[PDB]
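Chemist: This block holds the first chain(s) of the complex, placed as they are in the complex; more will follow:
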Amino acid sequence: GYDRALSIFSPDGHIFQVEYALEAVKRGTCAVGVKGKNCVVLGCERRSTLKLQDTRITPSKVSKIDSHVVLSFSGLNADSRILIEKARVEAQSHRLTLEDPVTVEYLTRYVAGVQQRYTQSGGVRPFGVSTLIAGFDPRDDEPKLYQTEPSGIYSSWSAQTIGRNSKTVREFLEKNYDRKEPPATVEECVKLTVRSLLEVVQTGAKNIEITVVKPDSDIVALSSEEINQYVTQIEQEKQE
Amino acid sequence: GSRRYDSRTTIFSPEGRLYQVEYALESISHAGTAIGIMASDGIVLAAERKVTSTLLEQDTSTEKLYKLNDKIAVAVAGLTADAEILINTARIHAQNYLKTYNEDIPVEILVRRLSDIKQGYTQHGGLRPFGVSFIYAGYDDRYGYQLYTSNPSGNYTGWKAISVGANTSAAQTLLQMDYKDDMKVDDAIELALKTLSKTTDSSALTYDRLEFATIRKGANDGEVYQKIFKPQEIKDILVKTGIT
Amino acid sequence: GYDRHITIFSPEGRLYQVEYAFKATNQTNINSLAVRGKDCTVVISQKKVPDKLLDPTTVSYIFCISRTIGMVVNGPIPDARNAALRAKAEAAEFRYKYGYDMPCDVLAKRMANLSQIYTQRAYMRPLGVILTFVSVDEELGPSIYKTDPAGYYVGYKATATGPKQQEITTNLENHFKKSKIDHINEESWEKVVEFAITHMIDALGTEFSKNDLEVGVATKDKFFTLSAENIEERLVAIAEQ
Amino acid sequence: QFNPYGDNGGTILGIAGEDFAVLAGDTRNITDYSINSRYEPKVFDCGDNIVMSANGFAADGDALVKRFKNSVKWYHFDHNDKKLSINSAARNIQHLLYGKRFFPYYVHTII
Amino acid sequence: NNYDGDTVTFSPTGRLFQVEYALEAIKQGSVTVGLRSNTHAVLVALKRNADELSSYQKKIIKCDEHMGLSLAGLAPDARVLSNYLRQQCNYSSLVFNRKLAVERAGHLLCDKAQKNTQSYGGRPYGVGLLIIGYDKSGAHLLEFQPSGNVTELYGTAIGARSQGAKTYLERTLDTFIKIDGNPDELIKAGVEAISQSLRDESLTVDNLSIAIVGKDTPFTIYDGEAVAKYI
Amino acid sequence: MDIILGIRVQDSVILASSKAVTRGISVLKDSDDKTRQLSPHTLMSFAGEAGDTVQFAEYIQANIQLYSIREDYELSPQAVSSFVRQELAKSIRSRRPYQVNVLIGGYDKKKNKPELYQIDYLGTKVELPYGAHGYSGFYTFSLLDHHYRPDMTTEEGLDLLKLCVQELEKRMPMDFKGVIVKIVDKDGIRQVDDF
Amino acid sequence: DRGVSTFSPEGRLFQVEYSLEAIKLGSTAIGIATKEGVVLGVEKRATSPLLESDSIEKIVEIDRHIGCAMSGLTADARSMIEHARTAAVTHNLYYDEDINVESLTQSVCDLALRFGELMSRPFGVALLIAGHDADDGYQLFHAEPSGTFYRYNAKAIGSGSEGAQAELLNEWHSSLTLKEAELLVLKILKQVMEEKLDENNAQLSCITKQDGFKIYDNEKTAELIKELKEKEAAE
Amino acid sequence: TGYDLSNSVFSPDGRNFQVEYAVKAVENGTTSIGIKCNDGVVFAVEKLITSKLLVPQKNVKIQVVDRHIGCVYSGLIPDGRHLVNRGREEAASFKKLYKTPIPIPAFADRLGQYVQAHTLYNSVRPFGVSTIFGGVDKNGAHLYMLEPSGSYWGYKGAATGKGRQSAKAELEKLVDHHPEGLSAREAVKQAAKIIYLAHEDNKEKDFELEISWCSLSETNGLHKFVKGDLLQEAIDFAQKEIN
């Protein structure tokens, strides 16, 4: 089999293939996650150079891993499908053997492990993908939001963003998100997520996708008009 | 030893791009244009053959349009031999699904598997990618009529109308202009041929330089029929739409 | 410049490693020659023992592949013996599997196929040898088939190999342009060997003692090599005519 | 049909005292109604103040003792000459025996 | 230079640079001395610490009751090679009820090292070893190099500044070879030999490692308080 | 284990399964549920060899749940039953075959029909109005052949079932400790907890 | 390009030497061994304030009697921890006992040079392995990607290491109490850290014979930080 | 260029430079010889005494294969050992299948093919030794010499290592001044002389002489080391001749 060590150290102690995988993430469409007091919201940008697109069938950017956990990403789209499949298989395997669905942290730890493994295995390149993984542990109402990256490191975030211009929207969230006062409602949290995206997005058209995840496997995608209402309500408070 | 001669087909550039995928896409941009257009009552696939000769046997030739099963067909842009490898794999996948579930394979599931195969060649194994882009035209009872494309990166997307191969920028602009959601198949046929007629690098567009196909519900009572056009039938449709 | 090092195409559609393998073929600076009689096939080769410390009985580029097939090699001895061992294994296996002796042309094709593989697969180098197979085939009669590092092979009325192959070749062509037949019209193999040595002497412009030659003879149902003393007897008869 | 097992007789006895232990065994070795040897020792000092006997089929008994002595030696190499306690030896022997669960050592072991 | 990228490449003068670079790691290693009489064989090794909070790296490894070695260079390579030796001594006992001759042990090490100098993807071992043992033909000392060269000696030293000890032993040869039946004197002479390789530092109680094997003496290692007697 | 019955009425499928678990000499349990929900509108009951029954059922359930997540779509009962059949057909030529018989009751939301599939351990599949495995059919089929109508209500189906279980309780030598009954219809799966 | 297992002309493995550079970029970790216990402390180094710092796990339990802290490419540590836990549990299964701290450390270090054209590169992470066993008492080891491990009375790894190690050279002595050791780790972390030390961006742990390996709560560490402020504002 | 960086690559003249570089390692080794006699063969080699600390008689270089074949080599010593181990496997397998001990010409080709195989791929390195070997079989005595290219021939006498030129010339004299034969006992003495004469080109260090032989009459066709009195005698014969 093809065995070449593609991920190796450079004289300055850097692994370039892992670092170049992050450059692929930087070029991907922006993703953001914000967790409220009793919910987590996942917002994604869609690049607007493509119309004549059929959005019924086009791969959506937020994927259910199980009924209670979701995953979105920035970077290579084809690479992300491999992680999503593996994560879905592991979620069913966990239910089968442990007789309990995965915790959000366990699932994150699994996906992160897969990514790390691809940074010191022969004949493979790292995933050009970072993920936000969100949901609620079974029988628990505390929201969860984790991030993973090509190197395989992962951590928990009150709110986080990845992809292009994520520095700008991280700036926004860093001064607009209070740890003491998490967005106390669905409406409140969805709004803060939509605002953060509007810093970077362009038109608030079908350029913003939003997904809300509530406790006990209650997950729903917002449609254009429902998001449009948030967009409308936000500029009307801006001119002031 | 052997490391010396390894091009490393599966590495990132410093910008985070996959060289071989980019160069395969460059190869594909010189292939004959293929167009897919979706209507409410069917789908059209139209494609331009590569610079002919008068001695090429047209009526027995197939370079662009392939049947994957009774409900799904593909238009090819790129290396034909690479495409045949993937096509036969897709045909087998479709039968595996039918054998397992006793239901025809949903269009997206077939498209995802082929795209996952393409993706694998960009991440592991040290082999060059397939120099092929596909347009998938098919029908199933979940989403009805569907159009997808896939390229050497293994990314796929859905479309109302799409082109691959040469002059896609020009072709996409023309389809973007004249396409409408309520459009019917017989209009979509006309649109596809008109778009190829304008984007072609040939002097004019003729029957011997085209492959053509439709997927219609146009079959007695709730069921779908594929029609790969004979050369005489392409000649008729060219006249009928006033291009010759 | 790595299309020069392994067997991939250069921009002009050439395989340089194959071409350089043809060059190694003349490293030994030996010429050989094969001709067909009515009933036999003869192969002769120059023998050069430059060091006095060598045992000259072990210095040889002629091999008995099977009881019926002989092979002479033009090229370095290690690659020659590699080819010789393989051909012996192939001929013996053929007999076991198919129940009859491997024909000379079939063995030549087999070895030519093995050579072709080395020109297409990167990890194997070509062998720097040219192989000339001889026999009296039970269907085709006296036979000469020659293989090279490109994996090319063909049958011959007669042939020559080595640095001075062209002189010997033209000499042979001129004889057959005269005689107008495919072979040496001679009953005994002794007289076919004498023809072979005579025409090498003329073409090379050199004289041979009994230790300067190597001779292999193929007849119906055995291939054998001559001793120094059998060759001497050949040389003596040549001088007296 | 080949029978990979035999019976070499013998009897062994282990008694634990307050601050000592004894392990005894007869020295006779037999097959069927014959005596192979009147003195073939069956109880062994295995190092680290451990004595062992594996009674029944003698070929298996010798193989086991000989694997256990080896295990003591490697325990020393791998764990800085730490003394192998009797409880740790017992657990280790269980794994030697169970490793051949589907082709057992036909012995009754006492340490 | 163009020829040192892997072990599978000769230089134009017929050298193997990766092997020579492996030899270089030994020269950087801490000094260790070996010497023998007809009854005993002794290893003395200077242990090297990282700083004053750290322990001193152990240099001497027991292979069997009658055999053991000391190392200079990459310690993990010594662990691999010494483990291999333990197995081979062990195999000889279990299968043949026979203590492995020190000379055979040397031949087996040579062949193990050689395979890593002739194939792609491997690297040579980066450690030198001094092997002492007492077998059926008496006391022995072997020097192993990762080129695969193994040599039987009366005495030697390897590592940084081994040359001093190596000349000392060369002078004393006729004296130390006769130290039969007196283990303490043989050690003394070894401690004296290793002292010719010291500069700046001197022998202390957590610095010095001694091992001995012989006629009626199983291979045993002395560290800590147990070497006070000899400093 | 022992008795599993199924009956497809107008608008639902009813599956009845015995509660006893017997390890040779003792009845270990009298409340065992011999079924797995494969999807919101598909239920599988099972009987055969100890251990293999539950291992097989849970393995099938895991695979269907995986398909549901991957496609965000529920497979039709027909498709689920074909998948299950293939697995059992694959197993019969294995090193050690699953000795497991199943009934699959599902409501097809696309065709708005209840469906009952009977599959034995060899992978023999049949779609039926009513079915059973083992000796259960020997005692019950003559009643079902007599009374069954394709237009029965759920309650009429349950009453015909009571009549079947009563005949089993009369003529069968083994005490199977009653049955657990479950109904599969357009609103999903529910348990009838008084039988 | 050049083999992954190549030696340099100075007799060093390039890849190992380069991984050592990656470790110098890692967050600081410190351990101090005493006759009363071994303390392990780390710098969390959250990359942004929205990152929930208690999800940063750089001190890890291996068994009840062994803990470990990491510095460098911390994702590379997971499989080393997995192996260490497996080796510790396995040894207990085979021998009905606790495994020696050194033996565990040796088992982890056997992984290190298993790379080539096995894994494709050395680990880019260093570990401090702390624990107690009956034969050798309280112990601290420094496990490197070269496969070498050193025992230490005190040790610092990561970016602030030679600054911290010089400081540990001064302060460590054989009679240190556990409490003094805790304050010392905190003190030296506060010195070499970029941001200001507190209970959310640094973490402590220890291993005692009686209670085994324990990670301290943020409340308990907050108390020890205040105690440290008061001792230093007193001469 | 760059043709010499990889084994098995033909240069534009048709050469394998890596093999030619392997010869350089051989030419840098100690001198070793073989002499064919009337009913046997003699092998001798120069062992350099690097230091007084080398135990004399104890670093043996000549190696037996089976019971009737001796092998000596110059160059990288471990490569020679590797080649002899392979030779021993080949001899064992031959005797296993065919019963009779391996004939010397058969054995020569076994080593030949193995050494030649290490010139076919870039994934291996050529052998850095020339090997002189031989013995007695059912057709008499045989002496062979094998190079890193895999090339080998049968010899009357042979030499390799740093002093190969000197020894060759000495061997050429014996062949001319004994056209009818040389006895095993004579050959032992002559072997000692030629090594002593060849030692001129390694003069900085003094050396230890080592000889072995297989002779149908003197050793029953088995390979034995020349030890004790007979060794001392040949040393004396050699010492008298360098004065």
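Modeler: Yes, it's here. Numbers count the residues shown, from 1 in each chain, chains lettered A, B, ... in the order given.
Chemist: tell me which parts of chain G are close to chain D?
Modeler: G:93, G:94, G:95, G:96, G:97, G:99, G:100, G:102, G:103, G:135 (Cβ under 8 Å from any Cβ of the partner chain). Heads up, the C-betas are built off the backbone N, CA and C, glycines and all.
Chemist: OK, contacts around the first one?
Modeler: Residues near residue G:93 by Cβ atoms under 8 Å, 6 or more residues apart in numbering or on different chains: residue D:91.
Chemist: any idea how far residue H:122 lies from chain F?
Modeler: 44 Å (Cβ to the nearest Cβ, to the nearest Å).
Chemist: Shouldn't residue G:117 be within a helix?
Modeler: No: applying DSSP: H, G, I helix; E, B strand; the rest coil, one finds residue G:117 to be coil, outside a helix.
Chemist: Residue nearest the middle of the chain, spatially speaking?
Modeler: Went with chain A since none was named. For chain A, the residue nearest the mean C-alpha position is residue A:132 (2.8 Å; Cα atoms, centre = their mean).
Chemist: so who does that one touch?
Modeler: With Cβ under 8 Å, 6+ apart, residue A:132 has these contacts: A:31, A:32, A:33, A:42, A:71, A:72, A:73, A:145, A:146, A:147, A:160, A:162.
Chemist: now do residue G:187
Modeler: By Cβ under 8 Å, 6+ apart, the residues touching residue G:187 are G:228, G:232.
Chemist: what helix or strand is it on?
Modeler: For residue G:187, the element it lies in under DSSP states H and E is helix G:178-192.
Chemist: Contacts for whichever helix or strand comes after that helix next, please.
Modeler: Under the assignment DSSP H and E, the closest C-terminal helix or strand after helix G:178-192 is strand G:202-208. Contact partners of strand G:202-208, identified using Cβ under 8 Å, 6+ apart, comprise G:36-44, G:56, G:58-59, G:65-67, G:69, G:130-132, G:138, G:178, G:181-182, G:185-186, G:189, G:193, G:213-216, G:220-221, G:224.
Chemist: same question, stretch B:5-14
Modeler: By Cβ under 8 Å, 6+ apart, stretch B:5-14 touches A:4, A:6, A:16-17, A:20-21, A:23-24, A:124-125, A:128, B:18-20, B:121-129, C:2, C:5-6, C:122.
Chemist: at 7 Å what do you get?
Modeler: Residues from elsewhere that reach stretch B:5-14 (Cβ atoms under 7 Å, 6 or more residues apart in numbering or on different chains): A:4, A:6, A:17, A:20-21, A:24, A:125, A:128, B:18-20, B:122-124, B:126-128, C:2, C:6.
Chemist: And the strands in the chain?
Modeler: Just going to use chain A. In chain A, the strands defined using DSSP state E lie at A:31-35, A:40-45, A:63-64, A:69-75, A:129-135, A:144-148, A:154-156, A:159-162, A:208-214, A:218-221.
Chemist: Switch to chain E, please.
Modeler: E:32-36, E:40-46, E:60-64, E:67-73, E:127-135, E:138-144, E:150-152, E:155-158, E:208-214, E:217-222.
Chemist: Put this one in as chain I:
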Amino acid sequence: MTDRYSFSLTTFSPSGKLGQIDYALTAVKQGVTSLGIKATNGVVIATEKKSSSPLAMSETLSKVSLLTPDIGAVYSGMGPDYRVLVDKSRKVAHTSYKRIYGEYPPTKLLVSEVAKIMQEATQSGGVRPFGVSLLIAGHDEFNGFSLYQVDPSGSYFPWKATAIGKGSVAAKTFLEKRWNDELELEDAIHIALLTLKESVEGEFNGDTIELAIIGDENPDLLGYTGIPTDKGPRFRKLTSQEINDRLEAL
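Modeler: Just below you will find chain I, in place on the chains above:
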């Protein structure tokens, strides 16, 4: 050892070219001219037997090869590469078709299998592409007569008539002038001979030209009688004498 070339030796360059395939096509360009012509009742394939030396027996070197009783092949480029492809093509006609269906494959499907083999040499690890273009002519019941070209990339195309190698551009032009849809096999042979004369330097006769047809069933070449439905191979190689007979009325 072990083959450690498990990576592609053919790769895309920045401009989208597959270098090794182009270079393989260049080797085909240097090759001796070969051609094929399809008639209404047959196909003809032909080439020049360029003998390397006059001492070579050129009948022992077959440039035109029977693949099945109804399918034949000729080439331009590297002869040795052609010879091994013919061996593999003959075998795959059996392993992946005749042993399954009990009949020989139709022309297009055998062409498809040969093409797949050539494609894999363009992507698989540690190999170079085949340096040949093939012309495969054949007949089968449901498709009738056909002629295909196969290139180094694995691409294949159906032709009415074509030429490959050295003088293909000139020969194709010559064929465009003369080809029509009403040619009988004798007319096509005559055109093949005329076309081939242009690219041939010296001697032009039955001993320097190799020519075969796919035509009528030859029961005299079957080797047995008594099964009415087995009627014999459609592939036939013209003799030296048959070629010279047609070179007079030329």
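Chemist: Re-run the earlier check on the contacts of residue G:187 with chain I in the model.
Modeler: Counting by Cβ under 7 Å, 6+ apart, residue G:187 makes contact with residue G:228.
Chemist: Now the helix ranked longest in chain E - C-alpha only, PDB.
Modeler: Scanning chain E for the longest helix, with DSSP state H as the assignment, gives helix E:75-96. Output of helix E:75-96 as PDB, limited to C-alpha atoms (Å, rounded to 0.1, in the frame of the first residue of the first chain):
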ATOM      1  CA  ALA E  75      19.300   4.400  24.700                       C
ATOM      2  CA  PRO E  76      16.100   3.200  23.100                       C
ATOM      3  CA  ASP E  77      18.200   1.300  20.500                       C
ATOM      4  CA  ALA E  78      20.100  -0.400  23.300                       C
ATOM      5  CA  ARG E  79      16.700  -1.400  24.800                       C
ATOM      6  CA  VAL E  80      15.800  -3.000  21.500                       C
ATOM      7  CA  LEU E  81      19.100  -4.800  21.000                       C
ATOM      8  CA  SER E  82      19.300  -5.900  24.700                       C
ATOM      9  CA  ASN E  83      15.700  -7.200  24.600                       C
ATOM     10  CA  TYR E  84      16.700  -9.200  21.500                       C
ATOM     11  CA  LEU E  85      19.600 -10.600  23.400                       C
ATOM     12  CA  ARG E  86      17.500 -11.600  26.300                       C
ATOM     13  CA  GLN E  87      15.200 -13.500  24.000                       C
ATOM     14  CA  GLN E  88      18.200 -15.300  22.300                       C
ATOM     15  CA  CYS E  89      19.700 -16.300  25.600                       C
ATOM     16  CA  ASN E  90      16.200 -17.400  26.700                       C
ATOM     17  CA  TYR E  91      15.700 -19.400  23.500                       C
ATOM     18  CA  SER E  92      19.000 -21.200  24.000                       C
ATOM     19  CA  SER E  93      18.000 -22.200  27.600                       C
ATOM     20  CA  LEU E  94      14.400 -23.300  26.800                       C
ATOM     21  CA  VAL E  95      15.200 -25.300  23.600                       C
ATOM     22  CA  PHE E  96      18.700 -26.500  24.200                       C
END
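Chemist: Show me what it is packed up against.
Modeler: strand E:60-64, strand E:67-73, helix E:102-115, strand E:127-135 (3 or more Cβ pairs under 7 Å, 6 or more residues apart in numbering or on different chains; DSSP states H and E).
Chemist: so what's residue I:163 bridging to?
Modeler: Beta-bridge pairing for residue I:163 (DSSP bridges): residue I:35.
Chemist: what about it, distance to chain A?
Modeler: Counting by Cβ to the nearest Cβ, the gap from residue I:163 to chain A is 40 Å.
Chemist: neighbours around that residue, how many?
Modeler: Neighbour count for residue I:163, taken as other Cβ atoms under 10 Å in any protein chain shown: 30.
Chemist: Now do the contacts for it.
Modeler: I:33, I:35, I:171, I:172, I:175.
Chemist: can you rerun that using 8 Å?
Modeler: Taking Cβ under 8 Å, 6+ apart, one finds I:33, I:34, I:35, I:36, I:171, I:172, I:175, I:195 in contact with residue I:163.
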